[PDB]
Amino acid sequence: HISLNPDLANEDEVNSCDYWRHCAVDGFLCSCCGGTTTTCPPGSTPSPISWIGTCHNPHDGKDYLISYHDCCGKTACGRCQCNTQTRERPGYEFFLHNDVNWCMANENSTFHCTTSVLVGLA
């Protein structure tokens, strides 16, 4: 479905905090930061770890597992800041928690931007 392929969507739709897959983002959307939904802006490094969310796709009616990987090693992008919290939980459910820097284990932990990587059906 078209709703699963952000690179085919209108940029304004994907760059919005209301875009369906951004349902647990605490950060700057990488697609507003010179990257795309699944590519880091030039010179920033993907995080090997992430918080994970389950987001409802209203376009096909199905729920999807999203992995919120950050891009790291550059200072704050500052664009398209989101703070959405669907199904987000505190640090005692650590990988569901978005108030921690998921760049924390990178070679350089400076936080640049966040994104929402589609894993598959929930």
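One rule holds for the numbers: they count along the sequence shown, beginning at 1.
Mean C-alpha B-factor is higher over 1-9 than over the other stretch, the pair under comparison being 1-9 and 113-121. Annotation for 99-107 versus 18-26: the higher mean temperature factor (C-alpha) is found in 18-26. Highest C-alpha temperature factor among 62, 69, 79, 74, as the PDB entry reports it: 62. Per the PDB entry, 57 shows the highest C-alpha temperature factor of the residues 50, 83, 57, 45.
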